[PDB]
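Here's the structure, in structure tokens; my notes come after.
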Amino acid sequence: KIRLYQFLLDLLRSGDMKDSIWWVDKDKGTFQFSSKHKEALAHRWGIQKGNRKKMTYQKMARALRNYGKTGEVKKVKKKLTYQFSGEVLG
DNA sequence: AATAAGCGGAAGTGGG
DNA sequence: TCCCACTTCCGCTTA
Ligand code: NA
């Protein structure tokens, strides 16, 4: 199965959910979720994973925070904003 | 209060 | 056995 950070990066590259997620500064790898339309993207993640329960943004962000230590994705001090590592962006 | 983003400990699930 | 890579649950903090 695909990893969560790669799912998000693939979405950003494809543009398929441009109303739910977008680059802020793509050169820096910063991206931001829509306040109003992030749940639809969370739902798609859970369906892609085949999880038992409906995926929510809160649970998706709970997974995102676990990348903070290893570095793939870090929270930016801006609303609903995160940053991919250079390694992830290669 | 209502609404929302953010946090993480702890326990459960997947697939090695 | 026991880690991977989250998922699920719960309670809390800040704005
Ligand atoms: Na929120």
Side-chain angles (χ1 to χ4, degrees), chain A residues 2-90:
Chain A
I2 182 172
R3 295 190 68 174
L4 172 58
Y5 70 80
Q6 192 67 47
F7 169 86
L8 298 172
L9 180 55
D10 291 350
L11 276 183
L12 280 158
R13 288 192 172 132
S14 77
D16 195 59
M17 299 194 79
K18 288 209 106 72
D19 294 346
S20 295
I21 192 176
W22 47 82
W23 295 114
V24 178
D25 184 333
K26 55 196 165 177
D27 285 37
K28 297 185 183 160
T30 57
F31 62 95
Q32 173 179 55
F33 297 96
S34 169
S35 180
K36 277 280 296 183
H37 302 299
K38 62 193 187 301
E39 294 298 343
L41 181 161
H43 294 159
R44 179 174 302 198
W45 169 235
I47 287 165
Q48 189 161 134
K49 283 293 296 294
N51 296 331
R52 180 181 39 256
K53 307 264 175 182
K54 175 187 92 196
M55 177 55 62
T56 64
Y57 181 80
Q58 268 278 349
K59 287 188 291 183
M60 190 181 75
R62 177 69 187 87
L64 283 181
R65 286 196 292 283
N66 289 338
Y67 291 132
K69 199 139 179 319
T70 45
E72 290 87 352
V73 184
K74 292 179 167 289
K75 183 75 179 64
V76 172
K77 296 286 198 179
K78 299 282 177 151
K79 198 164 290 291
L80 294 168
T81 305
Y82 294 78
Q83 188 173 15
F84 293 116
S85 70
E87 291 84 349
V88 163
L89 295 166

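Numbered from 1 within each chain, the chains take letters A, B, ... in sequence-line order.
- A:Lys79 has no side-chain polar atom (N or O) that falls below the 4.0 Å cut-off from OP1 or OP2 of B:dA4.
- The residue A:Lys77 sits apart from the nucleic acid: no heavy atom pair falls under 4.0 Å.
- Taking the six-membered ring where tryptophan is involved, the planes of A:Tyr82 and A:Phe33 are perpendicular, since the angle between them exceeds 60° and thus also 30°.
- A salt bridge links A:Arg44 to A:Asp16: one of the charged nitrogens lies within less than 4.0 Å of a carboxylate oxygen.
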Wobble G-U and Watson-Crick pairs count when both distances are under 3.5 Å; given that, what is the 5' to 3' dot-bracket string of DNA chain C, with | for pairing to other strands?
.||.|||||||||||
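- Between the side chain of A:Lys49 and the backbone N or O of A:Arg52 there is no donor-acceptor pair closer than 3.5 Å.
- Contact annotation: A:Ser35 side-chain N/O to B:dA5 OP1/OP2 distance is under 4.0 Å.
- Rounded to a whole Å, the NE2 atom of A:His37 is 12 Å from the P atom of B:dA5.
- Rounded to whole Å, atom P of B:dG14 lies 18 Å from atom CG of A:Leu4.
- A:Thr30 places a side-chain N or O within 3.5 Å of a backbone atom of A:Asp25 that can act as its donor or acceptor partner.
- An OP1 or OP2 oxygen of C:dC6 is reached within less than 4.0 angstrom by a side-chain nitrogen or oxygen of A:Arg3.
- One interatomic measurement links the two molecules: CH2 of A:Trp45 to P of C:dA5, which rounds to 12 Å at whole-angstrom precision.
- As a whole-Å value, the separation of A:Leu64 CG from B:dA5 P is 14 Å.
- For the pair A:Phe33 CZ and B:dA5 P, the computed distance is 12 Å after rounding to whole Å.
- A donor-acceptor pair under 3.5 Å is formed between the side chain of A:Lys38 and the backbone N or O of A:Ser35.
- With rounding to whole Å, A:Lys38 atom NZ is found 11 Å from B:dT3 atom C1'.
- A straight line from NZ of A:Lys74 to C1' of B:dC7 spans 15 Å, rounded to a whole angstrom.
- Both A:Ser34 and A:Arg65 lie near DNA chain B, and the one whose nearest nucleotide falls closer to the 5' end is A:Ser34.
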Could you encode protein contacts along nucleotides 8-15 of chain C as a string, one character per nucleotide from 5' to 3', using B for base contact, S for sugar-phosphate-only contact and - for no contact, with a heavy-atom cut-off of under 4.0 Å?
BS------
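- Between the side chain of A:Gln32 and the main chain of A:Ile21, no donor-acceptor pair closer than 3.5 Å is present.
- Nucleic acid contact for A:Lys36: none, since no nucleic acid atom lies under 4.0 Å from a heavy atom of the residue.
- Between the side chain of A:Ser20 and the backbone N or O of A:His37, at least one donor-acceptor pair lies under 3.5 Å.
- A:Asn51 contributes no side-chain N or O that, together with a main-chain N or O of A:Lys53, makes up a donor-acceptor pair within less than 3.5 Å.
- A:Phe84 and A:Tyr5 have their aromatic ring centers separated by at least 6.0 angstrom.
- Regarding A:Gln6, its CD atom lies at a distance of 11 Å from the P atom of C:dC6, rounded to whole Å.
- Side-chain contact, A:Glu72 with A:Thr70: a donor N or O sits under 3.5 Å from an acceptor N or O.
- Nucleic acid contact class of A:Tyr5 (heavy atoms, under 4.0 Å, all strands): none.
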